[PDB]
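Written below as structure tokens is the structure these notes are about.
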Amino acid sequence: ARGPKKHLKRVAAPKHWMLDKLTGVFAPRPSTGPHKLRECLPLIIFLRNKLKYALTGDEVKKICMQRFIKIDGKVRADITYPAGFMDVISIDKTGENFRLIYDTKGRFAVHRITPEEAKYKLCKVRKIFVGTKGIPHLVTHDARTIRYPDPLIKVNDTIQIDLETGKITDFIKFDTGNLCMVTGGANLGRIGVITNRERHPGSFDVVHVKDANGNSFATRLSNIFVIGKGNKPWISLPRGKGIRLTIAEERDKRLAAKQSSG
Amino acid sequence: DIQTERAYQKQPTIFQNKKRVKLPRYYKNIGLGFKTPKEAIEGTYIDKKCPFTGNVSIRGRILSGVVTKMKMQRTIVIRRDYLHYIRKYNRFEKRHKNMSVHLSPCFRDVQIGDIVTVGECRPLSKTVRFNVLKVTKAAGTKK
Amino acid sequence: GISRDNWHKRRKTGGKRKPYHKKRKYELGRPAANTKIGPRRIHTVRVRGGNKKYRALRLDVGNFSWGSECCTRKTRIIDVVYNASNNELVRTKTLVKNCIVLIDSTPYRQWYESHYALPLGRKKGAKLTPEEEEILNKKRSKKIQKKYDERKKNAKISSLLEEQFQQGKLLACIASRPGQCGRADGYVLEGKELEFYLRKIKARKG
RNA sequence: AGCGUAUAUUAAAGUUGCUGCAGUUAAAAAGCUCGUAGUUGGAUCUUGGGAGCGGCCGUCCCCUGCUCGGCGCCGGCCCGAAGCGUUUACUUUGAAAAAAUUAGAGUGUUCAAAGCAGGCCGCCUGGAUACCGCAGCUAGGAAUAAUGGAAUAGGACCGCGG
RNA sequence: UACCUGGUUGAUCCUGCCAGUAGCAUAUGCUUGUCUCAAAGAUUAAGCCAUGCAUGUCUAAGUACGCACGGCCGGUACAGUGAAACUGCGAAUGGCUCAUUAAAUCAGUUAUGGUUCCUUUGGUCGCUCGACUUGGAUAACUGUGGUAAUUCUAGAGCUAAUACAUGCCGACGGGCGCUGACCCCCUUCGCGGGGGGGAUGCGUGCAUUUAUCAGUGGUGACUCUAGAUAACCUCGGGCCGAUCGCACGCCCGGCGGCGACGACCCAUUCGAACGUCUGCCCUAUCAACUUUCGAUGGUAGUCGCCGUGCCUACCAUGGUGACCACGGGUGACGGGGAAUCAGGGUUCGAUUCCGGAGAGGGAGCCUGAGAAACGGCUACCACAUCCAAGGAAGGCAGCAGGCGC
């Protein structure tokens, strides 16, 4: 390497894209954007592989160059634009709106939302900051810089922003007894209520989360997103509601629905 | 006593020419529950590389060896002992790795055999990357 | 060219490293600025990231600060006296960071007189005959004079400073890298620093 | 629809031996003691108690203290939180761990090697899961094996001069 | 499937090796009907290469007066398509091979509170108190030429810009900080005292360099971030739009929305870079090694994107070693992995994924955000092509292919 790399081989592509082997050598290396390369869903992948609207990368090119698809209330004419967590994908001509939040397993589900819910999103604040005139500053998980915020919002809270104005409406404080979706590690997509936070000065602080059915699991603080106050999520969830039942239970449910079909 | 070297030795943060009509001292608690010891606050020595009265931040690892040699200038050699586990023969082997570590004149009397706790800092010299943060006098050593 | 790397020199144990790759660029290194005292001459070096880095090859002026009362003025460097690292950097008088220079005391004196309304240097029997110096030292209203008599209380200068003022040249220490920023900014020596360095210059001199 | 040959290499090889080899005579014990690293080192310090339930038997819980709220009760008792508590190996748990391969669940690629597809008269569905030594991180346990405390009392605690 | 059989004797019981036995993967011999997958100049020569290809690029939106094609009433510049050329970007990725390299590379684990970063996404961009559009060159084009020769190019005349330079007006009336004429007021009969207004002058924004003072938000911890005062400001020079396209509008010659492009700084994304802890094959016919020309430390500099003996100067006598240092060897790039397996293990891993190094051998650099780049340039060493003999041009371990082996 003598500079930045531009090709991403299909075997090196993040596993949650569920890309087949015998299609090609390469996968779409996501163009730089708000979310990380590893943890996004490129617009070509979501449009062609998941929705099956297009068949080839040229067909996706033909769609995205007619200004149809709108990511977070702005038109994105880049077929490998990184669409990541909490992002709101509205297609106007079809009349359909998707919020990219995780399946109960470590992948992105294709969760349809209503016109009135596809008008805002939840942003995890990353670092608070003072500018060049004692003007306070936020930085969120999706690279948004919000200045003149509410003077109580701190480094691990969640803010609800509007996708026209880009201004803070209401916020959920990071407390014990607040709903959190886990957005990294083994427990990727698990929804549960924060039970404890265990402080380790110099190391990564681990946070205990309780599922609805009394399933207790820990995650590092970085891989947690407060998505609701109490047991009330301020968004709509996929079918499953983030439980991640065992493989024996998933089998039982599968062949239950199978034998019921007959 | 101090200012033996050709350049004037001062804590460069504190200003010592305020017109009037004791010298002040700059220090810091370096976090992770380490008591900024008494000699740091009530000494008159100068050190760039003291974690208390200098410009080094402790971050990363916190290791501990036994003091082996004290024959170089504001630096000591600690000896770190561990058991490496060979897999074929379900047994261990006694290994060692001795590292050059920076000792502040803050810790006034350390004896070879004393137990040291060391915090990772930026590279201080060619081989020095750790700082002595607390000393625990070897078994007894009262008289 | 001039390499700045660790792999060219022996390990901790005295064992030789065989270099596993040729010289890289980021392991860079350029010739020394060697800033003399003369008419302003600054060359520009384009560095990593497309940023700039100014090579002062000659300098006359410099932004020096009388620290005890926050009186900083652009003065004129005249010469160098003592350097702690090397004494050929005195002979071929190079301007490097933390070298002792002499500066023109005239802007400090002018401020001192215009602030306190008192004379500095100006030896006993000084013919102040232009007498706009006497304007700066006299002729006020009532309450303004009360403010000036209030202030002249704490204008007791250190004798070490007052000699240098009367001689007409002050000792200063260069606090900025002149070969990298193209500036000979510093602070005027005072107190224990000044007594340390005045001993060192006299002792070396002999 | 393949079989013979030559060579490197694995099992056979308990003929390299940690599991697991031999040393009187088959190959093999320094001529003999001393001795620093290395390796290995005797016994000994918490036993014993409260109460539950099924048929004297079996398992379930109860064993160090010193500042901010309500289950509340009346400055108190309780429960909680931010701190504290000779070190170390050991053991169990959690986190963090690229895919591909390997193991492995689903699925009639006509079977199979593979592949990540597919299935039902627009709809319904997958793309799981385990394994990843050692070192580093984290929380329980305290048998086993190291290590520390008072012996010129410069001992712990409690109070009074300071 | 945790397996054994023949051979020393006249015969026997053993030790012990030899030979069988089944994989595996390079070559090879004989034979070879169908169908689905599929390795393939690695070992020896990182040997040498004829030839041809492998890196280019335009939207409504930087610059078109090429009739090279073209719509009509043209006389108010340019209708529209568009070669060439200038400009912008990319050429640092991808591909190939494994010669080097043994705490090096590399793997897990952490650090940047010790750095740089084109592009993207989001902030910023009347925060500064002092022109209804400026300037002189160049290309394509036209013409005149050179030597045998190449992607060589000299000379003349013409013309552009988001190329290259030069620069206002605005908002803009003040505000704040010093300076400070002068002024009036109340008290002491009176001086003195208490506070008020305030002319003139100088300074002002962010970034940049230095010095001092105070302690809005944050960290386990800042010499952090903001804030305050006194100056600076590289002439090889930080910013504070002399830019382009569609829609055309809203009242008395009035009067503004979508976009493209650009930019100092900030965060973000992509990284990169140098560090932390533990880990590698054979070797003692390698037991001591390193240092006054850096070996291990201290102080102050230099240089670099930054931390550091990285390198200067002056000091100190240190660093490593039987727990195998120092030296030597590898048919050694490392790892994920592969073959074989009862349980242990032994051997392999040039080879499609990640990381590294190299482009015949060394060395040096231009341009750029990123290169010590080789389908970039400049030398020397080895080889080697074309010569009108003066000179010109090289780089297959890219895809094919040729010789040699």
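Just so you know, the numbers here start at 1 and follow the chain as drawn.
The header says electron microscopy, 3.5 Å.
Here the Cβ of each residue, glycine as well, is placed from N, Cα and C on the backbone.
Over in Swiss-Prot, the protein carries these features:
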- C:7-25: compositional bias 'Basic residues' (COMPBIAS)
- C:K169: SUMO2 cross-link (CROSSLNK)
- C:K192: SUMO2 cross-link (CROSSLNK)
- C:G1: N-myristoyl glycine (LIPID)
- C:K36: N6-acetyllysine (MOD_RES)
- C:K127: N6-acetyllysine (MOD_RES)
- C:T129: phosphothreonine (MOD_RES)
- C:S159: phosphoserine (MOD_RES)
(request) Six or more residues out from either end of the compositional bias 'Basic residues' (C:7-25), which same-chain residues have a Cβ under 8 Å from its Cβ atoms? (result) 1
(request) Would you list the recorded positions among C:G1, C:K36, C:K127, C:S159, C:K192 that come within less than 8 Å, Cβ to Cβ, of chain B, in the order they occur in the sequence, writing 'none' if nothing qualifies? (result) C:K192
(message) Given the recorded positions C:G1, C:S159, C:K169, find the one whose Cα is closest in space to the Cα of C:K192 (SUMO2 cross-link).
(response) C:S159
(message) On the three-state reduction of DSSP, what should I expect for C:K169 (SUMO2 cross-link)?
(response) strand
(message) I want to check the contact list for C:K169 (SUMO2 cross-link): same chain, sequence separation of six or more, C-beta distance under 8 angstroms. What comes out?
(response) C:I78, C:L102, C:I103, C:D104, C:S105
(message) So among C:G1, C:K36, C:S159, all listed as recorded positions, which is physically nearest to the residue listed as 'phosphothreonine'? Use the C-alpha atoms.
(response) C:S159
(message) Please report the three-state DSSP label of the residue listed as 'phosphoserine'.
(response) helix
(request) Provide the three-state secondary structure of C:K192 (SUMO2 cross-link) computed with DSSP. (result) helix
(message) Can you tell me how many other Cβ atoms are located within 10 Å of the Cβ belonging to C:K36 (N6-acetyllysine)?
(response) 15
